[PDB]
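Worksheet for the structure shown next.
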Amino acid sequence: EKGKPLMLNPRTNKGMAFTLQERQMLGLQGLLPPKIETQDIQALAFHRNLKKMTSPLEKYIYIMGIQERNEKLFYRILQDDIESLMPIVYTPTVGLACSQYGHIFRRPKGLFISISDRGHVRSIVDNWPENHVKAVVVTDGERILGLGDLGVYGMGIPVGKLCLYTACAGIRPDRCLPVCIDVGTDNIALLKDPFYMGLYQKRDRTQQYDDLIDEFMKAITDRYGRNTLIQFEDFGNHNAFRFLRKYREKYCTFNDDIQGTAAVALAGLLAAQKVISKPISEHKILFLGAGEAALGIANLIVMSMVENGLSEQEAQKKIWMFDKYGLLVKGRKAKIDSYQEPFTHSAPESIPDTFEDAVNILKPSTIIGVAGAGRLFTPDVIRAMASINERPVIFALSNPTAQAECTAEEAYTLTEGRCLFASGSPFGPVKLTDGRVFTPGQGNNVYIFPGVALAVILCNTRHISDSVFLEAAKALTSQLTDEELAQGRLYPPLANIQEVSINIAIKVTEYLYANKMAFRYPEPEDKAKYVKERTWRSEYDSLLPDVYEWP
Amino acid sequence: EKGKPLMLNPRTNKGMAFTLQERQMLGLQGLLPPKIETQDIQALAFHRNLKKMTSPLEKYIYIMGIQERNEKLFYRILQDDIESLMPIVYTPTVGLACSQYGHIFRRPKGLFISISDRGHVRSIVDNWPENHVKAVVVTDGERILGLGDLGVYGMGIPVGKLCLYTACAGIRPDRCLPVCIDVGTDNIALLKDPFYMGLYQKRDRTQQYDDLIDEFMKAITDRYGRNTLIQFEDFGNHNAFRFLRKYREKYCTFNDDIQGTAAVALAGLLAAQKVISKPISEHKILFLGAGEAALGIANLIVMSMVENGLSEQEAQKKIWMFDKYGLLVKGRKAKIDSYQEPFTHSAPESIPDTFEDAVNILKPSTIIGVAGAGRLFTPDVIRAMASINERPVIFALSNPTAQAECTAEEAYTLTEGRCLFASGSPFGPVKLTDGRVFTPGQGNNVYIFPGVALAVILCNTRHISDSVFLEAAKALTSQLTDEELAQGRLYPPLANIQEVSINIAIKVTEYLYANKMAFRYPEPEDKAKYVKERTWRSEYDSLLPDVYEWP
Amino acid sequence: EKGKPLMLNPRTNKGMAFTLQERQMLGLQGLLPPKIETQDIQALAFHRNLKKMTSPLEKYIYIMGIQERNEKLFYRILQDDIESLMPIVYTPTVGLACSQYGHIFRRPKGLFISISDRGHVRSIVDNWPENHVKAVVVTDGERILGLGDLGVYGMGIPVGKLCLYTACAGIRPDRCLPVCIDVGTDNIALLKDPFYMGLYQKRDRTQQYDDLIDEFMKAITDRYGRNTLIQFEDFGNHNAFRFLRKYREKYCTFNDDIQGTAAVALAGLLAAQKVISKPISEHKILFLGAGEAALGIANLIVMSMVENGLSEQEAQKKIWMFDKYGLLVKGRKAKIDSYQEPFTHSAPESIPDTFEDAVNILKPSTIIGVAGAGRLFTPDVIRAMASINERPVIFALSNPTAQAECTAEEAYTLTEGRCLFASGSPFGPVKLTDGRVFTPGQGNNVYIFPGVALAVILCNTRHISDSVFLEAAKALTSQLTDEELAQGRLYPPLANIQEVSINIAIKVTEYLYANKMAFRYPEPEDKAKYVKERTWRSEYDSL
Ligand SMILES: NC(=O)c1ccc[n+]([C@@H]2O[C@H](COP(=O)([O-])OP(=O)(O)OC[C@H]3O[C@@H](n4cnc5c(N)ncnc54)[C@H](O)[C@@H]3O)[C@@H](O)[C@H]2O)c1
Ligand SMILES: NC(=O)c1ccc[n+]([C@@H]2O[C@H](COP(=O)([O-])OP(=O)(O)OC[C@H]3O[C@@H](n4cnc5c(N)ncnc54)[C@H](O)[C@@H]3O)[C@@H](O)[C@H]2O)c1
Ligand SMILES: NC(=O)c1ccc[n+]([C@@H]2O[C@H](COP(=O)([O-])OP(=O)(O)OC[C@H]3O[C@@H](n4cnc5c(N)ncnc54)[C@H](O)[C@@H]3O)[C@@H](O)[C@H]2O)c1
Ligand SMILES: NC(=O)c1ccc[n+]([C@@H]2O[C@H](COP(=O)([O-])OP(=O)(O)OC[C@H]3O[C@@H](n4cnc5c(N)ncnc54)[C@H](O)[C@@H]3O)[C@@H](O)[C@H]2O)c1
Ligand SMILES: NC(=O)c1ccc[n+]([C@@H]2O[C@H](COP(=O)([O-])OP(=O)(O)OC[C@H]3O[C@@H](n4cnc5c(N)ncnc54)[C@H](O)[C@@H]3O)[C@@H](O)[C@H]2O)c1
Ligand SMILES: NC(=O)c1ccc[n+]([C@@H]2O[C@H](COP(=O)([O-])OP(=O)(O)OC[C@H]3O[C@@H](n4cnc5c(N)ncnc54)[C@H](O)[C@@H]3O)[C@@H](O)[C@H]2O)c1
């Protein structure tokens, strides 16, 4: 293939970095301005122009424009400034862009499967040009974080995540497929817009919904394979959580809100155990929330303790849960699911009405907030922990900052700088009245999903075990330096996400092979060399024909 | 376009003549054996192998194999040995090949239009890949010369003629379209063959036949233009002749059996008038046959005489016709058509029962045989002419040698070497008993159709006048040298058909422009430079990209 | 994809078999004659046309023409008349045709790598249009069996072998790559020919030759993977056998003239054991030849003997070799390689200077001829075997019939119909004075190379063990029925090469999975269903 096609294909387009010889031999001479550049001077130009733009949304439109025209340059400028541009390409900017920029550009991207295509989903899947898709990320657009129901404009979230698959772990873009399932929208802003690109119906919540996602799983699997990695993104939590439980064993799938959160949470708790060398006997965990998030984090804490010598029944006894209906205790008016039973224990002396009460009676070393309510970690609960514990571990993991259980400021000030705090919410540094400044823990799922994804695909793995996320959590905290640990860092620097994501991937690769969860053989001797050599890189390949004299 | 496609396309394939640099830059390196040749050493190889083959049919299969793989090399070896290979590529070999080699190779070529496609002929025409067809040659396969009804195997004749369009006049092959109209076959050899490639029905001879050729003319014209040249080849004579009369004014069409024969005939008569300087007063022409062939030749003789000072009515009076029912005379039991009337005259003293009689009473300077009977120019008729005329002009133009009115041997021997003889049949040299050897006149339609075709296409001409064939006839004989004329040559050497065809084309180009029958403007000042520069040549073009250092 | 390109591509072109629906949908109406046919009608037409062709050369040209126009029709025709057309597409007529087809037609196929292209082999491999090549066959054209050095025209043999890969074992043609390495020709008629299509230089035997082969190995492996099966064919016996040792542990490689020849030989030897049931202790095998052919046959015989209770050194003691300088004995004046050492034994009291004298002293049960020196299984050698053994085994395997150690006639006549005779030559049936008719065994590498290839490709095997060829030999003899063994057959009928090839493939698939040399997972529970449902078939697909 030669001529204009090489320039209109972003996967081949080098733009001005097309060599004079390449331009002349491939029929590009005259179709490009008369100057040869390098990827270095290209990337510099787009950086200079990106830093004249102050709006995150303006940055999003400029960088996503480069993806559509030059793939290798898009992932070079992304990796050159990964900490700054990860929040542009993905969360939080991606949600704000979709809502606003979908109706202005109307540029189709990824594969759209409507409920109207029920019966023939394979025929729609077959229309996708790439024949070796390894990674599928799908949205229905119902629960976009901080916005809500964006319908088909949801497509941007799977696109933005797959960007970080490539940027962070070096997963090949051509092996990636962003999907948006359109079953309607409950947002009348879209239903009443004449220029809406989706289906004009309220969300189908009947058996036809469950049967369409069933058909989509079979369809993707039947074209690309049983080992094809599938992630549900910004789906309704009830749907997202019940689909993990339905497809986890049959298909190669994992969920960031449960399993990524568990791994990131455990990583922070393990990092806290390196500064606070508290013996596992002195450890008692209390959860605000007893749902799929709590169950997932609790499972990985139990499994961590069983590896460190404790018993499953002993580990569980060190974990307490407090839901809407108070503490989970054997013999309670409110219902306890079969999943919540292991962390449901014999009642203590006093039954706590509030969470502040529960803390004072149970005296936990750690409190974890996974109840999407609000500031339930009230100043009184934060002060009680500072009284009971020298260095209290306080994890407010409810992600929409509003729903977070406490702020970094109200955590560090009311614990006079002694608390080990982490959150999913982006709290800035917090300065005490003695003068010392505290930079809080920020658990991001970007630490886990790239590394796990690369390993599973590279190993041709068909099932993702709980232990993958345990091994991912240990791998993340293993990369924190003794200097960083002494500065109170609970998480590696996000600027090093590439080295971090690949080192997690090598350590999960080692686990999958050792526990017969890998189908790629022959098994490599050096799993580090295996992963690092199979990563996709942003360096332009030569498209120049090999011309030589016959000796 | 690069890679294997350049080699599988005969229009681009240079084979071993692909330059090392071309091979390396266009992705051919390794797909060809490791040797670079030239068109010169290529052509030499295929000539050496062709001259180890003695069978004309074996030669046909070998040379048609080169056409399908390398277009430019096919037309180079054809033009290098044009006199020898014209009878292989076209008549007489093409008819013998089609009949025998169609069922062994079953290789589709050209466009097939069946009577079953009535209503949708445009849709079939639209499926032909070339968008600028200038020349269409069509067969129904009914009257293949010396064989008969070959049905769809007829396709070979239009293919073979279009080869000579390119070889003789330099008409572009991509601008040429061979067509075969399948309305059935009356040959039970094909109708009973399970491996027959045509329609299993007797020839449709209803209104559906006439309406299909009508639809085909409109279809070709509606895609390619009103100026698109159309020739009917090896059609039934009744169909071929009535279709010339139906489409001659509406469409750009000419017929070789009438108009090519007339031009070739007149050319020989004009060549005879250069050796025999007989005044036009002493000229009297007698025809055996009064059909479309005779009418066409007679028309061009009249028009030649009117240009040389005689009157249409005087010229006609010098032409007599003798059909199945004897001499055409005013007041005769047998019918005289409105077309035959100008050459139907007041009866002489004696009414001739036989053609021998007619010769003795009329005492013609020239006799022309255009009656598809047999040896009607009997030894007695040939002897009578030798008695009446010093140098008798005897033209036996009935083409299947069997149907020819006399042989070269019986012409020259019974006229003791004084006759100026021509035929369409391939008679070898004839030696008299005094010792002198006579090489007879051989009127071939290849003298006319290439030159006429090139001129008409180059001039964007929509109507082919009788005068085109008059100008073609004068142009042919104008090329005979005074040395050749003294050796009794009535026709130029066939080895020089290229120079001959182009010189006719220049002279017809001049006529069409001067008589407002050309639509290509601006009109060229030098019609020689116009034609010779627009001819397609067998020389390989360079497909090498232009690589140069920037100064 | 649409219109003429579909018809000009042999992989897609169905010809007259293109359905009206397809012609209407793919813009073919008008480009094809009105007739619509079935592959059945097409096949019958080309079968009738080929029966009228007289020369095997003329037949080769006709069928190879169908291969370049309609690939599925070519493989239907070939599989319909496999026994008669295998000698046309491949040995023996492929070598004869290689000369003429090249000069006359000059039509290009396969991948050509020159010593001039050294350092740039990846460029050439990358120019091949197919991305999923699973089977590569390569020649330099030095030892074309029968004709010798045919230079760049030797390309015909790889093209011929890959046709049988597909015809016999249903290996997808688009995953098959024929390669010809041009390092020059020592053939003086070709060097003198102005229309020779190769390098006008003598065969480079310098380090540059060995380096080109290393670069070819790496290039193919770099693009298509380390799994990629590579087969060296009609190479110089020197290079061919030394390249097996070099690459067999690094790459997925096997040589037909050694490992294929060894497997077909053992299979016949195993077939003869089922008839006579000689106690394994009484077995004494004497080779005429101590080349890598004899070494390969011998290695597989000891492996069969070890599988049946014998120790390795006690199996080796039952195998003797006799070459140009006489019997291989410890301390002989003549040279003995390290590979010949296991079958070099302590001198008997009497040392034979003649092979007849070797037969008389050693008293062998089996004589295997692999020398290429002509009729050295002399009447007196054959008479001696008939005297010593009730049912003597005589294998004259030297391929060109004129360099065969004895004839079927000579074998059966001078043994009074008691011998079990196999050859690689096409000897006809032999009728004795007692009225009994003997059909000689004909060993053909086509029994082994298709089945072994499909199995290795399907199992994603990277190293082909000696045991693969022992299991292939066993699988071939298992095909032989009791009536066939009773009728004195040593090899299955070639008419059933497809069934034989797929049954062999299934047994090798089973071995590779059982011995952890198969890298395709998940592992199939039915290894027979796995193979049979992965076979490419001549039936047209709906376009
Ligand atoms: N690049 C191509 O166009 C292409 C396509 C198909 C096959 N091939 C070739 O076929 C052979 C077969 O491949 P293999 O099974 O040995 O691969 P592998 O064993 O190196 O990789 C194991 C699995 O991980 C996948 N993988 C590897 N690198 C990846 C990345 N950066 N992002 C996402 N997924 C990745 C592969 O598709 C495969 O399924 C290879 O040698 C290859 O060169 C090449
Ligand atoms: N905005 C969003 O997009 C969104 C939506 C859902 C969940 N989330 C996040 O994901 C996590 C998982 O939540 P979920 O989907 O399992 O919700 P859920 O309602 O299924 O479970 C949350 C748990 O919190 C408990 N809870 C609720 N209100 C409480 C109160 N006032 N006091 C004590 N306990 C209370 C519930 O009993 C329940 O056990 C949460 O941390 C939440 O921040 C975000
Ligand atoms: N070669 C191509 O791919 C191609 C195709 C279409 C147009 N063109 C360009 O567009 C311009 C328009 O052409 P034009 O009208 O001036 O042509 P023209 O005036 O040179 O020719 C007059 C007519 O004769 C035809 N003709 C010329 N040479 C011929 C040959 N060897 N065989 C058969 N027919 C022949 C032309 O198609 C045209 O209809 C040209 O300058 C040409 O370069 C090129
Ligand atoms: N074999 C073929 O493919 C074939 C077929 C038809 C014509 N041709 C040739 O084309 C030319 C045109 O013929 P046509 O199609 O006009 O045929 P036609 O029958 O239409 O006209 C031929 C003329 O010859 C006359 N004629 C026939 N027999 C005669 C006889 N015994 N004596 C005197 N006159 C006689 C007829 O009256 C008629 O005027 C002929 O010269 C013929 O050789 C060849
Ligand atoms: N089970 C079935 O019914 C069935 C039938 C045909 C194809 N398939 C295909 O098998 C695939 C499974 O993946 P896979 O390709 O890794 O496993 P596979 O078993 O199809 O492949 C085994 C290996 O052998 C090769 N191979 C397979 N068939 C071949 C043939 N006829 N000729 C030459 N080489 C051949 C393949 O390239 C691969 O390297 C599926 O995608 C499916 O399309 C399945
Ligand atoms: N069975 C089959 O289908 C098949 C297939 C391919 C090849 N082959 C045969 O395999 C053979 C391989 O051997 P090669 O010809 O390449 O020679 P080689 O050099 O490989 O070995 C031949 C051996 O025979 C010995 N020898 C030579 N002349 C002798 C004589 N007069 N007396 C005793 N010993 C003598 C040599 O010393 C040498 O050890 C070929 O002859 C070929 O015909 C058979």
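Each chain gets a letter, A, B and so on, in the order its sequence line appears, and its residues count up from 1. Whatever order the structure lists ligands and atoms in, that order sets their numbers, starting from 1.
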Any salt bridge between B:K529 and B:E525, counting N to O under 4.0 Å? no
Contact (N/O only, under 3.5 Å) between B:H132 and ligand 3: no
Can I get a per-line list of side-chain donor-acceptor pairs under 3.5 Å for residues 320-328 of chain C, giving both atom names and the distance, sequence neighbours left out?
residue	atom	partner	partner atom	Å
C:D323	OD1	C:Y325	N	2.8
C:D323	OD1	C:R332	NH2	2.7
C:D323	OD2	C:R332	NH2	3.4

Would you check whether B:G170 has a nitrogen or oxygen atom less than 3.5 angstrom from a nitrogen or oxygen atom of ligand 3? yes
Neighbouring protein residues of ligand 6 - any heavy atom closer than 4.0 Å: C:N237, C:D257, C:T261, C:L288, C:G289, C:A290, C:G291, C:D323, C:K324, C:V370, C:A371, C:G372, C:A373, C:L376, C:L397, C:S398, C:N399, C:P400, C:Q403, C:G443, C:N445
Can you confirm whether the side chains of B:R143 and B:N239 place a donor and an acceptor under 3.5 Å from each other? no
Applying side chain to side chain donor-acceptor pair (under 3.5 Å), can you list everything that pairs with B:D526, at least two apart in sequence or on another chain? none
Do NZ/NE/NH1/NH2 and the carboxylate oxygens of C:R245 and C:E292 come within less than 4.0 Å? yes
Non-hydrogen atom of B:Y530 closer than 4.0 Å to ligand 3: yes
Pair C:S398-C:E405, side-chain donor/acceptor within less than 3.5 Å: yes
Indicate, as side chain, backbone, both or neither, the part of B:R520 found under 4.0 angstrom from ligand 3 when only non-hydrogen atoms are considered. side chain
Using heavy atoms and a threshold below 4.0 Å, how should the contact between B:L454 and ligand 3 be classified: side chain, backbone, both, or neither? neither
Using a 4.0 Å heavy-atom cut-off, which part of B:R172 comes near ligand 3: side chain, backbone, both, or neither? both
Side chains of B:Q231 and B:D256 only: does a donor on one sit below 3.5 Å from an acceptor on the other? yes
Within ligand 3, which atoms have a heavy atom of B:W536 less than 4.0 Å away? 31 (N)
With B:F355, the side-chain contact (heavy atoms from CB on, under 4.5 Å) member among B:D353, B:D357, B:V359: B:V359
So for ligand 3, is B:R175 a polar contact partner (N or O within less than 3.5 Å, distance only)? no
Kindly write out the residues that satisfy side chain to side chain contact (heavy atoms under 4.5 Å, CB included) with C:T139, not counting sequence neighbours, or none if the list is empty. C:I144, C:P158, C:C180, C:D234
Going by distance only, is there an N or O of B:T535 that falls short of 3.5 Å from an N or O of ligand 3? no
Classify the ring geometry between B:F235 and B:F243 as parallel (under 30°), tilted (30 to 60°) or perpendicular (over 60°). perpendicular
